[PDB]
A.B. asks: 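Let me begin by handing over the structure; questions about it come next.
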Amino acid sequence: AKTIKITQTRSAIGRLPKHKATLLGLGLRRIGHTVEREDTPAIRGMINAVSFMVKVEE
Amino acid sequence: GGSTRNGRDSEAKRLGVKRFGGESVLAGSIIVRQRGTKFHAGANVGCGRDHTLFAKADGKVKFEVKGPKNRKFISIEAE
Amino acid sequence: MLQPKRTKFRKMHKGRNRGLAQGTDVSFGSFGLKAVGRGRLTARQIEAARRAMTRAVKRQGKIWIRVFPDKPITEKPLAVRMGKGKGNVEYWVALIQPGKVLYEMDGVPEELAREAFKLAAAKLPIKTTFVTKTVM
Amino acid sequence: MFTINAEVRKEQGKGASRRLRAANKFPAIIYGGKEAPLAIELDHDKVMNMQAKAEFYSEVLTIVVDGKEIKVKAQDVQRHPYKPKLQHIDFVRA
Amino acid sequence: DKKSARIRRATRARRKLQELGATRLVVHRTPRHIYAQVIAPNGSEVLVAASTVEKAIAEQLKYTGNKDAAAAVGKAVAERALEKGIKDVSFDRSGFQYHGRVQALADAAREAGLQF
RNA sequence: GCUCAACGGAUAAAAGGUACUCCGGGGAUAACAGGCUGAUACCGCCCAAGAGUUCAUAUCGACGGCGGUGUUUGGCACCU
RNA sequence: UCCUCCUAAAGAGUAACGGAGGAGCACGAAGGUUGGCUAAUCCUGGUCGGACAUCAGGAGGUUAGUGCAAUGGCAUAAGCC
RNA sequence: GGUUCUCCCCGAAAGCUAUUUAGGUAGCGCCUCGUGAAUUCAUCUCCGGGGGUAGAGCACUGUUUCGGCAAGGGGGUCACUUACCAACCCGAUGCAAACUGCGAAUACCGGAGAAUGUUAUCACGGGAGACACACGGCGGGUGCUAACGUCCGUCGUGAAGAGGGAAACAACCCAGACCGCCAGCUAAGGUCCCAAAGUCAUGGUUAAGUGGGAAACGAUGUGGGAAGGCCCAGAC
RNA sequence: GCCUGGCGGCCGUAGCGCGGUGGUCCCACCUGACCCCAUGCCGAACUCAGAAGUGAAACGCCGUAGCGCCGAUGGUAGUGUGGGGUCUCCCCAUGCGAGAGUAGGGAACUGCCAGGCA
Ligand SMILES: [Mg+2]
Ligand SMILES: [Mg+2]
Ligand SMILES: [Mg+2]
Ligand SMILES: [Mg+2]
Ligand SMILES: [Mg+2]
Ligand SMILES: [Mg+2]
Ligand SMILES: [Mg+2]
Ligand SMILES: [Mg+2]
Ligand SMILES: [Mg+2]
Ligand SMILES: [Mg+2]
Ligand SMILES: [Mg+2]
Ligand SMILES: [Mg+2]
Ligand SMILES: [Mg+2]
Ligand SMILES: [Mg+2]
Ligand SMILES: [Mg+2]
Ligand SMILES: [Mg+2]
Ligand SMILES: [Mg+2]
Ligand SMILES: [Mg+2]
Ligand SMILES: [Mg+2]
Ligand SMILES: [Mg+2]
Ligand SMILES: [Mg+2]
Ligand SMILES: [Mg+2]
Ligand SMILES: [Mg+2]
Ligand SMILES: [Mg+2]
């Protein structure tokens, strides 16, 4: 499709287990990971869930 | 005077919808002690002596509201 | 002092006091006194405030009471350990939200109702303001 | 009579209304008649003084907008609980 | 009044039959006529019917509204149901006592061959 | 066939004193003192019916309300 | 020890020497089935009879009833013969 | 109370139930090792589902104020009167953990789909430890919406996590330490000196060392905005 | 095409109230009841044998907005996630978004079988 870049930016220590599971599903491991994921509504929902800490490039 | 002395083990309220147990007659799909708002829809076998609903053989569990007084029934789609 | 004639239950949970008041309009009288903050309001306070304005106007006009002490407040004795059941009711209170109208008056001039409500506010613990009947 | 200048809103909801009220304005709705209802915004400072007069709810207002001249009548008002402010106004076409 | 009481009487069986899911022979009795019809398990479509308001049956009796006419109508229903092939119907009294004219019709059908 | 009701039921079968006391432990738990709190107590202030012949505030001040201290009676059991 | 409600945060579960009440039974019919029936309360009229007994009619439509505390149910009646 | 050499990997709990039990012990919940197994398990999108909490409301159960009509009761004669009170009903106005003719957001159960995750899921077997928790946020009971009080639900941290900030300061904010570098970029927080980095730029406000503790209430402190009475034919 | 009866779908926009209207057929009243059957007494109900008479009651249909009922748009309350403040309570970004009330709607719709009337 078009794909998009997702960077973790902030840390996940005092975050909720659901948010940590969202990060795991997105595949982000540390700060500044900059992973690439296909742009689909499910990925958009995952991004929106933790938008307060992730940064999107497109 | 006097406190504590509260009953224990209020059992259960809701045990599933759709093909959650499915197989055989099951023993859920009912709020025990309820009767009202949970009636047998014919598709599932009637209540037990303690007002417990259960299935016939198989199928999905569905809830509907129909008939006078707008009472809610539980039916099962045979498959 | 005002309190219910009979009580379905003699003790009640503490509960919280959140949100805005429901009755915020001058309905019965022509002038009203309405709260701006939140807090408790005891029967003794209501009674003293009532006397304030009632004697301020002596014999003139009519006065309404919008609030009413509904929930009881308990308190255990002085030298008593914690626990051993809940305390005993000591007085009745009314929970009031900001914007709640407390008292109203009809048959008095504005220039006198203002002073009567000033005197009543002096007694009341929560801060209040003067409002007019106006229209819808 | 009374003439009130209004602008058509472009974003509706709790946050938008709160921002409008922070900007010394307030939303209102014009409905009734046969046309579809439309939401507008008015200025609090000018509308409050005009509403203070008891004729505002008596005679027919004139909601002047970009060339429509709807001349509606005031139907309902929602005010702030504990201060002299206006939260919302419902107008019915007449 | 009387009709409402009859419906109240008949409701329980009326819907117990649908819970069991079976074709039901429903009979409606009036002082002047009598009707019977076979209702499908879903309760929406009629498979067979017969009464004393038609030219046939009613033109070959003394007076519609007696046990003889009830027996004639029962014979008609039984024969037509057999023609259609439907069998194993559940008779319902529809709030009437089973001993009166409704005793006939039912007796006539079961002797005709309908599996009461 | 058990009010084994201390109701998962130490025996079929069972009460007290120790200031003459003793052992193993505990600040996991009280008494003295410290700590937190400030209901109560002490001090201050707000309104002002009234007393003061007249006159609210020279001096007091009802019905009510808001604070300060850590200072009595209390609460907690954080240290020993 | 057991049962009902709230606390209990709209699945279940959830503590305090928290807030309120009950149980340690009863029935050989108060069980089964068939047939049938529908309440409280008020108003009008009528000997004893009246605020209230019984009778007739009309309002009302479950505010009645359930072997027993509370909750949830029950007109199809789980209520009455 | 004490329990003696080294390194590597993983890594808890202070809960439920029972207990002549409460600082003990047992089963389960949680940890580790081994074997086996299905697309199992987690996040997101869509679809189906029950609810009665927040909120709201007053038809019901209770309570509450005003107004109207008006049974009934009562003072004052022997059959009238009423400066008396008041049921039901109607209109308006509030309140409820043990009220509901309404009703979310979340959470939970089930189904389908993509991606991602060292199977993260389940079953069996060997070994355990643990059942004194603490504080902070949110929802509550109790207490005085007092306590570094106490008792629950859920999340985070400490316990068992070093480092940077809050002065000092387990439990607060940022952030998870394999080892070395006299290397670069950042987070919270900061840039006059102590002490690393703006005596940076533009537009305002404060005169109080306010900043750098504390309320009801009081006041021609001072900045800003929208209106009113009065008016140079003479205003204060 | 209508009108009527029976069995259903749906479960108040489907109800109630007020006015009008219907008898060829159907329906209900309606006559008698030594019998089948029955009344805690009563052909009131149930039941049987009929068709002299009437649409009065009941029932069906039509009109009517008095009540019941349904009900937007907008605003408000609440709330998940993230952040903040004088923090017993609130605010900001974002997502969800009531209840009540207002305008308004509203005198149901529909399937099968049978009969009267073309
Ligand atoms: Mg025990
Ligand atoms: Mg001695
Ligand atoms: Mg010793
Ligand atoms: Mg200690
Ligand atoms: Mg001490
Ligand atoms: Mg002390
Ligand atoms: Mg402790
Ligand atoms: Mg010490
Ligand atoms: Mg629950
Ligand atoms: Mg929950
Ligand atoms: Mg637990
Ligand atoms: Mg029984
Ligand atoms: Mg029966
Ligand atoms: Mg029975
Ligand atoms: Mg590790
Ligand atoms: Mg233990
Ligand atoms: Mg509430
Ligand atoms: Mg413990
Ligand atoms: Mg704990
Ligand atoms: Mg603690
Ligand atoms: Mg330890
Ligand atoms: Mg640390
Ligand atoms: Mg330091
Ligand atoms: Mg200072």
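Numbers restart at 1 for each chain; the letters A, B, ... are given by sequence-line order, proteins then strands.
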A.B. asks: By the 4.0 Å heavy-atom rule, please label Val50(A) as base, sugar-phosphate, or nothing.
C.D. replies: nothing
A.B. asks: Quick one: do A183(H) and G184(H) stack, meaning six-ring centroids under 5.5 Å and planes under 30°?
C.D. replies: yes
A.B. asks: To the side chain of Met12(C), which of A97(H), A115(H), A51(I) is closest?
C.D. replies: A97(H)
A.B. asks: Counting heavy atoms from C-beta on, name the nucleotide in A20(G), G110(H), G50(I) closest to the side chain of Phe20(B).
C.D. replies: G110(H)
A.B. asks: With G61(G) and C37(G), is there a Watson-Crick or G-U wobble pair, both distances less than 3.5 Å?
C.D. replies: no
A.B. asks: Has the side chain of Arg18(C) got a donor or acceptor that lies under 3.5 Å from a partner of the other kind on the base of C90(I)?
C.D. replies: no
A.B. asks: For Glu75(C) and for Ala49(C), find the nucleotide of RNA chain F with the closest heavy atom, then tell me which residue's nucleotide is more 5'.
C.D. replies: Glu75(C)
A.B. asks: Is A62(F) paired with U21(F), either Watson-Crick or G-U wobble, both distances below 3.5 Å?
C.D. replies: no
A.B. asks: Should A13(H) be called syn or anti, with syn set as within 90° of 0?
C.D. replies: anti
A.B. asks: Does OP1 or OP2 of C26(I) have a side-chain N or O of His33(E) closer than 4.0 Å?
C.D. replies: yes
A.B. asks: In this structure, are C182(H) and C181(H) stacked, using the six-membered base rings with centres under 5.5 Å and planes under 30°?
C.D. replies: no
A.B. asks: Under 4.0 Å, heavy atoms only, any strand: does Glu47(C) hit a base, just the sugar-phosphate, or nothing?
C.D. replies: nothing
A.B. asks: Pick base, sugar-phosphate or nothing for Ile13(A), based on heavy-atom distances below 4.0 Å to the nucleic acid.
C.D. replies: base
A.B. asks: Does a distance-only test, which skips hydrogens and angles, find a donor-acceptor pair under 3.5 Å between the side chain of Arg71(B) and the base of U76(G)?
C.D. replies: yes
A.B. asks: When you look at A39(F) and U73(F) together, do they satisfy the Watson-Crick or wobble criterion (both atom distances under 3.5 Å)?
C.D. replies: yes
A.B. asks: Using a 3.5 Å cut-off on both pairing distances, which stems of three or more Watson-Crick or G-U pairs include RNA chain I?
C.D. replies: I:1-9 with I:109-117, I:17-22 with I:59-64, I:27-29 with I:53-55, I:30-32 with I:48-50, I:78-85 with I:89-96
A.B. asks: On RNA chain G, check which nucleotide each of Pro68(B) and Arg33(B) is closest to and give me the residue with the more 5' one.
C.D. replies: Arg33(B)
A.B. asks: With rounding to whole Å, what would you report as the distance between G27(H) and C144(H) at their P atoms?
C.D. replies: 45 Å
A.B. asks: Indicate, yes or no, whether a donor-acceptor pair under 3.5 Å links the base of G50(I) to the side chain of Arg32(E).
C.D. replies: no
A.B. asks: Tell me if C76(F) and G35(F) are paired here, counting Watson-Crick or G-U wobble when both donor-acceptor distances sit under 3.5 Å.
C.D. replies: yes
A.B. asks: Please determine, for the side chain of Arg55(C), which listed nucleotide (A115(H), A49(F), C95(H)) has the closest atom?
C.D. replies: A49(F)
A.B. asks: Think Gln3(C) has a side-chain N or O under 4.0 angstrom from the OP1 or OP2 of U64(H)?
C.D. replies: no
A.B. asks: How is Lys8(C) classified with respect to the nucleic acid when contacts are heavy atoms under 4.0 Å: base, sugar-phosphate, or nothing?
C.D. replies: base
A.B. asks: Output yes when at least one side-chain N/O atom of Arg14(E) is less than 4.0 Å from OP1 or OP2 of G6(I), else no.
C.D. replies: no
A.B. asks: Give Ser10(B) one of three labels, base, sugar-phosphate or nothing, depending on what nucleic acid heavy atoms sit under 4.0 Å from its own.
C.D. replies: sugar-phosphate
A.B. asks: Please check the phosphate of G75(I) (OP1 and OP2 only) for any side-chain N or O of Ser17(D) closer than 4.0 Å.
C.D. replies: yes
A.B. asks: Tell me: CZ of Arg50(C) to P of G65(F), nearest whole Å?
C.D. replies: 16 Å
A.B. asks: Which part of the nucleic acid, if any, lies within reach of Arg79(D) when heavy atoms closer than 4.0 Å are counted: base, sugar-phosphate only, or nothing?
C.D. replies: nothing
A.B. asks: If you go through the side-chain atoms of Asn6(B), does one of them form a donor-acceptor pair with the base of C3(G) closer than 3.5 Å?
C.D. replies: no
A.B. asks: With a non-hydrogen cut-off below 4.0 angstrom, is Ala39(D) in contact with a base, only sugar-phosphate, or nothing?
C.D. replies: nothing
A.B. asks: Given the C1' atoms of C6(G) and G80(I), what is the spacing between them in whole Å?
C.D. replies: 28 Å
A.B. asks: In whole Å, what is the span from the NZ atom of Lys11(C) to the P atom of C5(G)?
C.D. replies: 23 Å
A.B. asks: Hey, do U142(H) and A79(H) pair up, Watson-Crick or G-U wobble, with both distances short of 3.5 Å?
C.D. replies: no
A.B. asks: Quick one, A92(H) with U65(H), are they a Watson-Crick or G-U pair at under 3.5 Å for both distances?
C.D. replies: yes
A.B. asks: So is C230(H) sitting in a Watson-Crick or G-U wobble pair with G190(H), both distances under 3.5 Å?
C.D. replies: no
A.B. asks: Give me syn or anti for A52(I), where syn covers glycosidic angles within 90 degrees of 0.
C.D. replies: anti
A.B. asks: NA contact type, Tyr31(D), heavy-atom cut-off 4.0 Å: base, sugar-phosphate, or nothing?
C.D. replies: base
A.B. asks: Rounding to the closest angstrom, what is the interatomic distance between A40(G) and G28(G) at atom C1'?
C.D. replies: 34 Å
A.B. asks: Which part of the nucleic acid, if any, lies within contact of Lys86(C), taking any heavy atom under 4.0 Å across all strands shown: a base, the sugar-phosphate backbone alone, or nothing?
C.D. replies: sugar-phosphate
A.B. asks: Regarding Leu78(C), tell me which of base, sugar-phosphate or nothing describes its non-hydrogen contacts under 4.0 Å with the strands shown.
C.D. replies: base
A.B. asks: Test for a donor-acceptor pair under 3.5 Å between the base of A51(I) and the side chain of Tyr63(E), counting only N and O atoms.
C.D. replies: yes
A.B. asks: Which part of the nucleic acid does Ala42(A) contact within heavy-atom distance under 4.0 Å: base, sugar-phosphate only, or nothing?
C.D. replies: base
A.B. asks: Checking contacts here: which listed nucleotide (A227(H), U64(H), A62(F)) is nearest the side-chain heavy atoms of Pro4(C)?
C.D. replies: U64(H)
A.B. asks: Phosphate oxygens OP1/OP2 of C173(H): is one of them under 4.0 Å from a side-chain N or O of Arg10(A)?
C.D. replies: no
A.B. asks: Rounded off to whole Å, could you give me the CG-to-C1' distance for the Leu95(C) and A97(H) pair?
C.D. replies: 14 Å
A.B. asks: Nearest whole angstrom, please: distance from the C1' of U73(I) to the CD of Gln78(D).
C.D. replies: 13 Å
A.B. asks: Taking the purine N1 to pyrimidine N3 distance and the second Watson-Crick contact, or the two G-U wobble contacts, each under 3.5 Å, tell whether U19(H) pairs with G24(H).
C.D. replies: yes
A.B. asks: Do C144(H) and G143(H), which sit next to each other in the strand, have six-membered ring centres within less than 5.5 angstrom and planes differing by under 30°?
C.D. replies: no
A.B. asks: Show me the protein contacts with nucleotides 45-47 of chain F, counting only N or O atoms at under 3.5 Å.
C.D. replies:
from	atom 1	to	atom 2	distance (Å)
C47(F)	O2	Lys123(C)	NZ	2.5

A.B. asks: What contact category does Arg49(B) fall into here, base, sugar-phosphate, or nothing, at under 4.0 angstrom with non-hydrogen atoms?
C.D. replies: nothing
A.B. asks: Pairing defined as Watson-Crick or G-U wobble with both contacts under 3.5 Å. Yes or no for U41(G) and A59(G)?
C.D. replies: yes
A.B. asks: Looking only at N and O atoms, is any donor in the side chain of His99(E) or the base of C36(I) less than 3.5 Å from an acceptor on the other one?
C.D. replies: yes
A.B. asks: When you measure from the side chain of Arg12(E), which nucleotide among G6(I), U43(H), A77(G) comes out closest?
C.D. replies: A77(G)
A.B. asks: Base, sugar-phosphate alone, or nothing: which one does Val80(C) contact when heavy atoms must sit under 4.0 Å apart?
C.D. replies: sugar-phosphate
A.B. asks: Classify the side chain of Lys38(B) and the base of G50(H) as holding, or not holding, a donor-acceptor pair under 3.5 Å.
C.D. replies: no
A.B. asks: If you take the six-membered rings of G23(I) and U24(I), are their centres closer than 5.5 Å and their planes within less than 30° of each other?
C.D. replies: no
A.B. asks: Between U4(G) and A20(G), do both key distances fall under 3.5 Å for a Watson-Crick or G-U wobble pair?
C.D. replies: yes
A.B. asks: Any luck finding a side-chain donor-acceptor pair between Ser27(C) and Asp25(C) under 3.5 Å?
C.D. replies: no
A.B. asks: Could you tell me if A214(H) and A215(H) pass the stacking criterion of ring centres under 5.5 Å and planes under 30°?
C.D. replies: no
A.B. asks: Is the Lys NZ or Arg CZ of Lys85(D) less than 6.0 Å from the centre of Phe26(D)'s six-membered ring, within 45° of the axis?
C.D. replies: no
A.B. asks: Have a look at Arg16(C) and say if it touches a base, only the backbone sugar-phosphate, or nothing, with a 4.0 Å heavy-atom cut-off.
C.D. replies: base
A.B. asks: For the side chain of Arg37(A), counting heavy atoms from C-beta on, which of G94(H), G11(G), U116(H) is nearest?
C.D. replies: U116(H)
A.B. asks: Counting side-chain heavy atoms from CB outward, which of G78(I), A49(I), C3(G) is closest to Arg5(B)?
C.D. replies: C3(G)
